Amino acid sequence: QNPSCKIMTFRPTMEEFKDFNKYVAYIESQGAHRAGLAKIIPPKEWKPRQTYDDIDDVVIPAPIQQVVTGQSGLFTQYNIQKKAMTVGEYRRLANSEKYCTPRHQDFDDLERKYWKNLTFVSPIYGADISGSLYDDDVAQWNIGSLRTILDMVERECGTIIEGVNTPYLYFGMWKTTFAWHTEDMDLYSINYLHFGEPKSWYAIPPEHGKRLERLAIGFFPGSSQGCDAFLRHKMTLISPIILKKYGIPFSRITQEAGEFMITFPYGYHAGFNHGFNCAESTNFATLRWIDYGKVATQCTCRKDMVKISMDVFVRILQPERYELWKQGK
C-alpha cells in the first residue's frame, strides 16, 4: 500500500468523515500507518466549537518552563513547573519580545531557527491541561468521546488516566517542544489544532522504530543503563541533521489550525509549536493495537508511569490466544 512510508494527508467528505472508527480503518487500508503519522483535514462544514471568544479566562494550572541542554543536535529537555496563569496572561507572554516567533522567510528558515536557538531562552508550555474545547453539540471526531476499545480500561477498574483516557489541552508558544516518544503503551493518539500558529511534527516509521531506539542508546549510554525505556521519560531531542547523519528514515509535516493528526502504534514522533496556539489530544485504540500493547516497553525507574493491564483486551478480544498468552507463549 504505502511502501515508501510517506506521511499521507486525507481530505474526507462529510459522509466519509462521519464515523471516526471506520475512518481509521480506511486510512490504514491505504497504508497511512506505515509512516507512524497521518494528517486528516476535516470537511469545511465541520466545527468542534462555535467560538473561541472566552478562552483568555481558562486557567493553566501548571505551565512548564522547558529547559533544553546539549549541543550538536542532541539535547535533553527538562520541564520545570511554574505558577498557574491564565491563557490571557500566557498569550501575552507568548507574544512578548523574549518569547515571540522569530522573523523568518519560510518553514526551512523557521526550522533552522528552532534548532539553532533551542538552548537559549526556555519557552513556557501550557501543556497537559485536563479539558476539552469541544461544544457538547458535536457528535463526530469528538476527542472527549471517540468510543474505541480503549474505553474498556476504565470500565474494568474505574481508573481514569488523565490525557490517555481523557482529553488534554496544550496552549503553545514559539519553540515549545514535544520530545521523541511513542505513546504510553504504544497507543494511537489523535491531535486537533483548535487555533493559532502551526505545530510541526517529525515522525519515524514504526518499522524503523527499533533503529531509533538503538541510536538513542548509542547517544546516551548512561540513560539506557538507568532505564530500559528511557525515551519514555520524554526528554530526548534529536535534530533532523542527526537523524540523517545516522540514516534514520523520517518525514516531517506541519499541522495548521483546524487539522487533525493521528499517530499510530509505535510511531515515534517529536516536534514544536511555531507560536501561540491551542491543541487538543487524547489516546485511542483499535484491535490492531492490542499486539503492540502486549509487548510495549515500560519505564522501570519511575513510579509515576502509565501502565495498562492487557489482560482484559486479550481475554475478550483475543480469546483464542488468551490461555497461551497467560503462560509466556
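Numbering starts at 1 and follows the sequence shown.
Asks: Once you work out the mean C-alpha B-factor for both 206-214 and 132-140 from the entry, which is higher?
Replies: The deposited B-factors put 132-140 ahead on the C-alpha mean.
Asks: Comparing average C-alpha B factors as deposited, tell me which of 194-202 and 92-100 sits higher.
Replies: Mean B over CA atoms: larger for 92-100.
Asks: If you check the C-alpha B-factor for each of 284, 260, 289, 46 in the entry, which is highest?
Replies: In the PDB entry, the greatest C-alpha B-factor among 284, 260, 289, 46 is found at 46.
Asks: Reading the B-factor column of the entry, which of 111, 156, 183, 256 has the highest value at its C-alpha atom?
Replies: Among 111, 156, 183, 256, the highest C-alpha B-factor in the entry belongs to 156.
Asks: Using the B-factor values recorded in the entry, state whether the Cα atom of residue 8 falls in the lowest, middle or highest third among the modelled residues of its chain.
Replies: Answer is lowest: the recorded C-alpha B-factor places it there.
Asks: Pull the Cα B-factor of residue 61 out of the PDB entry and bin it into the chain's lowest, middle or highest third.
Replies: Highest third - that is where residue 61 ends up once the chain's C-alpha B-factors are sorted.
Asks: Please say which third, lowest, middle or highest, residue 52 falls into when its CA temperature factor is compared across its chain.
Replies: Ranked within chain, residue 52 CA B lands in the highest tercile.
Asks: By the recorded C-alpha temperature factor, relative to the other modelled residues in its chain, which third is residue 84 in?
Replies: Top third by C-alpha B-factor.
Asks: Against its chain's modelled residues, does residue 230's Cα B factor rank lowest, middle or highest third?
Replies: Middle third by C-alpha B-factor.
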